[PDB]
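Student: Dropping a structure here in structure tokens format, bear with me for questions.
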Amino acid sequence: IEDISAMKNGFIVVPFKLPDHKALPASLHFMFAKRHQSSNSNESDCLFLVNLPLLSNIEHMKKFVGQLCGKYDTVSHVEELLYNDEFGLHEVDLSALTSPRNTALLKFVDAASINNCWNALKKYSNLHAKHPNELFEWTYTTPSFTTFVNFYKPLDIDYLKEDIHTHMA
Amino acid sequence: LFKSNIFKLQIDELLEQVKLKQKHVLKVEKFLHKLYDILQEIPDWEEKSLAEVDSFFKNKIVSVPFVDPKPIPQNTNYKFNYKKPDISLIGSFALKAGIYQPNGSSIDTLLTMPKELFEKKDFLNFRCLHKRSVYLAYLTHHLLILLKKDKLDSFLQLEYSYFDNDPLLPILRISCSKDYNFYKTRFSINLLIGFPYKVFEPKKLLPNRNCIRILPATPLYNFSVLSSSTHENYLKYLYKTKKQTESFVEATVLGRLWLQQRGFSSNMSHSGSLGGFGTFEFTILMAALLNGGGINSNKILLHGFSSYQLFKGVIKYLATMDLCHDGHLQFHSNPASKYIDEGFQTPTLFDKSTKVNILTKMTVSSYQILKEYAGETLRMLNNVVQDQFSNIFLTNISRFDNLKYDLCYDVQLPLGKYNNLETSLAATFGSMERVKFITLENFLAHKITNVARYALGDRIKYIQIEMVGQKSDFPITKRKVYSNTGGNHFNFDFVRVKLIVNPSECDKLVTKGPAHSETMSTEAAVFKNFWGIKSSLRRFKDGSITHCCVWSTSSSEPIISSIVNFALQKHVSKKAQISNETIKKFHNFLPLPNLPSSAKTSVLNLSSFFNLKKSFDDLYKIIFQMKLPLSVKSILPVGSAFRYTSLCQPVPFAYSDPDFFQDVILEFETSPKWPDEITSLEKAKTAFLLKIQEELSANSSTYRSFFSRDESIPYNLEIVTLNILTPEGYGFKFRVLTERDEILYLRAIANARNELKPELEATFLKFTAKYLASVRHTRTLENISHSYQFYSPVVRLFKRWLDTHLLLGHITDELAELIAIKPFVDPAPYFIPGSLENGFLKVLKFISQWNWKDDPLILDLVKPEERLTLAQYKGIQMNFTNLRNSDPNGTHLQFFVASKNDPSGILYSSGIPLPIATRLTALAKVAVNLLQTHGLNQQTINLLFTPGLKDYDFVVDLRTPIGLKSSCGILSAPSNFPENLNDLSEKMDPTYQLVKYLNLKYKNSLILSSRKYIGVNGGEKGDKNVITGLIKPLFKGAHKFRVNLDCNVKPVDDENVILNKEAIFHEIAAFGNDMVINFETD
């Protein structure tokens, strides 16, 4: 359990405690992360992560790096969370053909921040066996009774009409 | 030649399935050698009177089974004795027609009576029948002394019985209980006693002549009198008729196979049952068919023909040549058959040489009921596509009263004793009424069938008053069949009324009658008496005048459910209570729609659905003639309200139901200037609907407007649905269509590689069933329901029985409606579906034995006598055998539901998981097995809508913020929308999109199924649901190090990863945190 901090292919694990629930009875939600290797331009200082947390977004990777910034006395920032298709709505592009699942890409602004945050990532990976109470909990987003019917509500025609006029022009 | 030869291979092998061995007939005929020897020492005693007969038998073991009326010494002048009779063979074993049956049968060992023991006046005053009731107990008195002396009575028993379930001839039965051991053959020996051949005058014993002089015509009393003499001469006809036809016994075996399937045999039908014409009369009709049959004695069946020709032609003669109200059949055993075109208001098969009616055993209630199955079975011999041998006899049609009939009610008959019937029933029952129908089991059997005939009339297809609990056996040391059951002294516990209703007249409120005049006419005299205060003067729509009665409509019972209690109240029994508690609670499982006269709306009342079709037609009326840059050519909806497939009936202003907006697919003119990009395709067609919205916003202020994107297409996120709600309160989801939709889909398949070709093909099926094949099924959905509107009453509730058991989340409504429409186009071997109870019980048994691997679904979208041909339906069979190469057990292709329009089989049933389909059949296996084992009761009737949600690693109980049952149009309401139309979605089902994201992210590790109609499936509040979820089998074992496992898993070691349920339970919990109430974790 706690003795597996570094995998076989090198993926640094992220053990994090789950939040308490009214319908539940220290539960954990496990992620894997390692430095992605590619010669892409905008994918420099980016880490390909495996099995990100529930309802994670760009504010989830800045808050997690924020507690990572307070932990190991480091200073760093995140740029953007790339290709975070948790629902798979961009998993297939049907516009192209007519003309890595459950994984994410957390990109940093610079390699000076990304090397230090990955250095703290292996340091926070050792908290599984050394101090399991020091494992940072995942404050996941919770859908309210208002935003649940927000997909069922009608869209703003001020954004739909002017863009479809731009789609025709 | 393929209709005969493939039937002959299905006939020759099926006769080998029931192949009676010669070993079973060996010890059965050798035990008869011990019966013929022991009877040959049965001596004759002296002649004595009627008074001396009761003196010798009251202190003895044997007792006389005297039928009603018993003999009296004040009217008995003649004598009585026993004699050495001439025993002989008759029936199936004399014509070599017997076969192996598990339930057993009776061997008719006939004993001919001595001719000198009967006087010339033996036919009248029940004289010779008083000899037969005395001599049968006397022969049982002598044989039981002889069989005990041979020590065979340890496993042999003697008791009383009646021949052909007719009480006018007392007889004994010999059997074997668990050298002469016939207990391995299970054949029973019926010690039948018959009189000598025309020992009484056969001309004086015709149907129109009477033998109870104290007269009226005694057709049934002379039937038991005259046919007692024809046991030898008519059997001598079928003895030689077996030698003239090579397949006389083989076709009468298939005649015995077909007649046993529907409850027809040699048992009597005048006593309140179905029967009177079975294996005895069909082999007699096969003798008349192989000796002529025309109207001028021309040929009807051939002598040298095989079993494929003699079996089909006789039942077609039983269907097309009437014998009940239009004509009669003639026969002569002593010379062709020539059908008489005059009827006698009953079945009458004339034996011209023997003067007896061979069809006298069947009443008018049982005569026409076999003819509706005869034309059904003869049509199966006319079909050139489907296999019809299993559809005839190998499928039992007589199992359940709710299966072969539309409704059966328990009307208890607490009639008491016979002398108290002056206050029990309204009818006057004396000796003259009991002259021909002397048995009391038969007297109320046709009377209540005639009293219901004025009650229902043309509202049904037949009449069947069934005597439940009536047997045919009695003890030989007892008098007859006596019982204290049901608080009465009749030969039954009670009676049940069964009929197959025609839906075009079964719920008619205006009970029609004859025309009025200046004086009360004779035709108007009977209808005025039958209704009384219920009969009043009511005019017609076009100006006609007649006496009619208005009935009361209800959402739980039909119009005949009151008249079955009404007509049984007046002239049957004042204390009898008729009730149908099975189909009463069955209609309560459907959604009760919020409209006026909702409880006053019968199941046939479909005016609320077509009234929603008026508003959409008024909605399309502003759309069709409107000028845009591109003109419109097609304005059609493919929604479930116009196809009668919505689970909720269409009520106005109903925002909470999932089938509120009936889907619309519309088309413009043929255009090459459409863009050839998928994102640009829906960008252009929404602009023509934007000006069409701008034409609806300008001068059409009665109808509202809003936009929404339809995410039901995978990988298509540019589509837009136009939501227009009219002033009455009905909304439509309007989507355009052109020739570029299937162009972009098929170009996406061929351009993509071998990796991603499958998902863009299933998403092309999402564009096929919603745009390409949407209107094609919607055209035949409203069309063929005009032959059976009970499919629209059943398939709306069959999904409502499926939505209650967490099955709606994985299957579409079209494949659910085509499942319940299989017993509409192919109702064999049952009757036509005509009720919600008949429609649900037909789907309950058919989905039980629906093996998805061996036999696929090919249902013809054709009305009553458009279907695929023999070459086309065999092409539909080619889709099953090739798909089962790489999907043989139904794990990748289970439900192959095909028709004439979509013979691929996987239109609405592709991409669904196999494990939910395994429980979909298991919920069809356990629900139908509970009906036959524990009976059918309202404890079990609502239990089919009661799911336990077991075998669950996940079970989530939740409750929504606003109960939306009244908002969806369900009357346990909807009157207007808000000022802004965006706030109308605040009263929708929040678990619909909460479970939509559940199957979206966690598909590879969780199997998410849930309810989409929370308003009817919530109980009182209309917002409660439950979701059953199971883990995958591949993610149940340890999975090695990979990237694309797509499973929310944790670390189990340095080498393997496993899906930890702790984060898996919280992931669906942290999403629905506001709906978080309960979650079961195992």
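Going through the structure tokens in order, the chains are called A, B, and so on, while each chain numbers its residues from 1 and the ligands are numbered from 1 in the order shown.
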Determine, counting only C-alpha atoms, which protein, DNA and RNA residues have an atom within 8 Å of an atom of range 737-753 of chain B; residues of the same chain fewer than 2 positions away are not included. Present the result as a PyMOL selection string.

Tutor: (chain A and resi 94+97-98) or (chain B and resi 665-668+670+674+676-678+681+685+735+755-757+760-761+764+767-768+771-772)

Student: Based on the selection just made, write C-alpha atoms of those residues as a CSV table (one decimal), in the first residue's frame.

Tutor:
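Dumped everything to out_9.csv:
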chain,number,residue,atom,x,y,z
A,94,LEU,CA,-16.3,14.7,-36.6
A,97,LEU,CA,-13.2,13.4,-40.9
A,98,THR,CA,-16.0,14.9,-43.0
B,665,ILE,CA,-37.2,16.3,-38.4
B,666,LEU,CA,-37.8,18.7,-41.2
B,667,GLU,CA,-36.2,19.1,-44.7
B,668,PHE,CA,-35.6,21.9,-47.1
B,670,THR,CA,-32.4,20.0,-52.6
B,674,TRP,CA,-24.7,23.2,-48.3
B,676,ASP,CA,-19.3,19.9,-46.7
B,677,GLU,CA,-18.1,20.3,-43.1
B,678,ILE,CA,-19.8,18.9,-40.1
B,681,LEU,CA,-23.5,21.8,-41.7
B,685,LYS,CA,-29.4,24.9,-41.2
B,735,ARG,CA,-34.3,20.1,-36.1
B,755,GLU,CA,-8.9,2.2,-35.0
B,756,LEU,CA,-11.7,4.8,-34.7
B,757,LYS,CA,-14.1,3.4,-37.4
B,760,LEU,CA,-18.1,7.1,-35.7
B,761,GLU,CA,-20.3,4.3,-37.1
B,764,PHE,CA,-23.7,7.5,-37.4
B,767,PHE,CA,-27.7,10.1,-36.9
B,768,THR,CA,-29.4,7.3,-38.7
B,771,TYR,CA,-32.6,11.7,-39.0
B,772,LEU,CA,-32.4,9.0,-41.7

Student: Residues at most 7 Å from range 71-85 of chain A, counting only C-alpha atoms, excluding those fewer than 5 positions away in the same chain, as a PyMOL selection string?

Tutor: chain A and resi 58+62+90+104-109+113+117+120

Student: Applying 10 Å and only C-alpha atoms, which residues near residue 148 in chain A remain after dropping the ones on its own chain fewer than 3 positions away? List them as a list in words.

Tutor: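 Final neighbour list, sorted by chain and number: residues 143, 144, 145, 151, 152 and 153 of chain A; 985, 986, 988, 989, 990, 991, 992, 993, 994, 1071, 1072 and 1074 of chain B.
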
Student: Dump as a count of residues only the residues of chain A that approach chain B to within 7 Å, counting only C-alpha atoms.

Tutor: 40

Student: According to DSSP computed on the backbone, where in range 6-78 of chain A is there strand (DSSP E)? Give the residues as a list in words.

Tutor: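 These are the residues in question: residues 12, 13, 14, 15, 16, 17, 28, 29, 30, 31, 32, 33, 34, 35, 46, 47, 48, 49, 50 and 78 of chain A.
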
Student: Limited to C-alpha atoms, could you put the picked residues into a file as a short mmCIF file (atom, residue, chain, number, x, y, z; two decimals), in the first residue's frame?

Tutor:
data_model
loop_
_atom_site.label_atom_id
_atom_site.label_comp_id
_atom_site.auth_asym_id
_atom_site.auth_seq_id
_atom_site.Cartn_x
_atom_site.Cartn_y
_atom_site.Cartn_z
CA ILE A 12 5.08 9.31 -9.74
CA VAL A 13 1.90 8.52 -7.81
CA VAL A 14 -0.26 11.18 -6.14
CA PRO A 15 -1.99 9.72 -3.06
CA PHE A 16 -4.64 12.11 -1.80
CA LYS A 17 -7.41 11.67 0.74
CA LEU A 28 -8.19 7.93 -0.92
CA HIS A 29 -8.24 8.94 -4.59
CA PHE A 30 -5.04 7.95 -6.40
CA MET A 31 -3.47 9.76 -9.36
CA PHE A 32 -0.34 9.08 -11.42
CA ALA A 33 1.91 11.69 -13.02
CA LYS A 34 5.20 11.82 -14.92
CA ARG A 35 7.06 14.18 -17.23
CA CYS A 46 3.96 19.99 -19.23
CA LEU A 47 3.25 16.86 -17.20
CA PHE A 48 0.97 14.12 -18.53
CA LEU A 49 -1.09 12.98 -15.54
CA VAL A 50 -3.09 9.76 -15.16
CA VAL A 78 0.74 26.56 -13.47
#

Student: Residues of range 966-1054 of chain B in alpha helix (DSSP H) according to DSSP, as a count of residues only?

Tutor: 11

Student: Which residues, written as a list in words, have at least one atom at most 12 Å from residue 884 in chain B, with only C-alpha atoms counted and residues fewer than 2 positions away on the same chain left out?

Tutor: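 That gives residues 852, 853, 854, 855, 856, 877, 878, 879, 880, 881, 882, 886, 887, 888, 889, 890, 891, 892, 893, 894, 895 and 896 of chain B.
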